[PDB]
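According to the numbering used here, the sequence shown is numbered sequentially starting from 453.
Where a beta carbon is used, it is the ideal one built from N, C-alpha and C, also for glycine.
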Amino acid sequence: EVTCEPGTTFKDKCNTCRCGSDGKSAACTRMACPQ
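Okay, here's the thing in structure tokens:
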């Protein structure tokens with residue numbers, strides 16, 4: 453559930469996350485946050 457705005461990047465969870473351009477979807481470098 454990504455509620456970020458599409459058009460930017462931020463260090464969320466345990467890895468970056470370039471907010472996609474559609475919303476509710478980011479790239480993120482990886483996934484090391486088992487939360």
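Handout entry: CB of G459 within 8 Å of CB of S473, strictly
Key = As a working mapping, residue 459 is identified with position 7 in the sequence shown. As a working mapping, residue 473 is identified with position 21 in the sequence shown. Yes, they are a contact pair.
Exercise for the section: Compare the Cα-Cα distances from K463 to each of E457, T481, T455 and report the closest residue. Expected result: For the purposes of this step, residue 463 is taken as residue 11 along the sequence shown, with counting starting at 1. The shortest C-alpha separation from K463 is found at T481.
Practice task
Below 8 Å on the Cβ atoms is my guess for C456 versus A484; work out the distance and round it to an integer in Å.
Solution key: For the purposes of this step, residue 456 is identified with residue 4 of the sequence shown, where counting begins at 1. For the purposes of this step, residue 484 is identified with residue 32 of the sequence shown, where counting begins at 1. Rounded, the Cβ-Cβ distance is 18 Å, inconsistent with contact.
Exercise for the section: Report the rounded CA-to-CA distance for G475 versus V454, giving the unit in angstroms. Expected result: In the sequence shown, counting from the first residue as 1, residue 475 sits at position 23. In the sequence shown, counting from the first residue as 1, residue 454 sits at position 2. If I take the Cα positions, the gap works out to 7 Å.
Problem - 6 Å Cβ shell around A479 - same chain, five flanking residues per side excluded - result: Counting from 1 along the sequence shown, the entry for residue 479 is found at position 27. Around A479: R470.
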